[PDB]
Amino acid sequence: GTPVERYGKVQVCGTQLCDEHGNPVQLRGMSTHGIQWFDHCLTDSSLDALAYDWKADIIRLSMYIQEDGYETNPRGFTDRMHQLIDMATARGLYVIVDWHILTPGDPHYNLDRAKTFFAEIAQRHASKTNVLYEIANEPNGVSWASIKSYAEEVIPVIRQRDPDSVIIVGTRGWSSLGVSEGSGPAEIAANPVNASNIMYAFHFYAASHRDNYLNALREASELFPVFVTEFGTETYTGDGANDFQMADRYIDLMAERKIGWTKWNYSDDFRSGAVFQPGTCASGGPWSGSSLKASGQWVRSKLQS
């Protein structure tokens, strides 16, 4: 069976994400890059490869709002997201719908848009059991209390239409559980989002983010459910040299704690973190072998187990 067939209607159980029979499950896969730039990398061929060859459990659909994203054509971007959600579902993948805020870093800047978009997505896809909603990719420059209040504004819009879906909430300091802004996950545990079936996002880039980030992820996983919706093996820019030794420490921790992840990213961007070599997408593949950057071969090998 496909991942979706094997785990069914995933839900939070205690501090973990579980399958529909209460067994903790670790969903591993890939994040797209921004669909405003790398839409051409998401085709029948490339998505079939991700599902059937790479054996990904899950795909995160990253939709930037600024940076030539959603705000430039809400209707067109929404229609493409519907199409991609259906395509992922027709390949047996879980899907994270990623409201990819970054700059501006205050999620409230995009709240009115987020309510409109998520209302449409949740209504259309309410009958699906494989869709998770990521309501604010990388909050930055804002307090945890303000992220919590943002979450409490958006969550009811989704839950009104799709009550039984998992929502992933971004965290302080580019979703570093506060680590990058001098804090940590204890702040969240002391003042959690007042909803259940919630997970909290953590992002890391292994060449830049060492033991203090790894420790924070371990710490958080004791207190609440974490999903690593974005990570890289290189520096925090998504480029530079890989540190696979450090990355493997994160991978081993996530496997031990059944923390799901989606690696940045499934595109042929020039940066080392994009799994394909520039030109691969225009060439229609191949989606393996000589078209993979080092980080690409590394993650494909992890996913194939």
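All residue numbers refer to positions in the sequence shown, first residue = 1.
inquiry  = Test of understanding: from the entry's C-alpha B-factors, which stretch has the higher mean, 157-165 or 180-188?
reply    = On average, C-alpha B-factors are higher across 180-188.
ask   = Averaged over C-alpha atoms, is the B-factor higher for 257-265 or for 276-284 in this PDB entry?
value = The deposited B-factors put 276-284 ahead on the C-alpha mean.
ask   = Hey, out of 234, 230, 98, 106, whose CA B-factor is highest in the deposited coordinates?
value = Out of 234, 230, 98, 106, the record gives the largest C-alpha B-factor to 234.
key: Which of 61, 51, 27, 246 ranks first by CA B-factor in the deposited coordinates   = Of the options given, 246 has the highest CA B-factor in the PDB entry.
message = Split into thirds by Cα B-factor across the chain's modelled residues, where does residue 35 land: lowest, middle or highest?
response = Answer is middle: the recorded C-alpha B-factor places it there.
request  = Would you check the entry's CA temperature factor for residue 175 and let me know if it's in the chain's lowest, middle or highest third?
outcome  = Residue 175: CA B-factor falls in the lowest third of its chain.
request  = Please rank the C-alpha B-factors of the chain's modelled residues and tell me whether residue 139 sits in the lowest, middle or highest third.
outcome  = Lowest third, going by the recorded CA B-factors of the chain.
query = In terms of the CA temperature factor given in the entry, to which third of its chain does residue 151 belong: lowest, middle or highest?
reply = According to the entry, residue 151 has a C-alpha B-factor in the chain's lowest third.
query = What third of its chain, lowest, middle or highest, does the C-alpha temperature factor of residue 44 fall into?
reply = For residue 44, whose C-alpha B-factor we compare with every modelled residue in the chain, the answer is the middle third.
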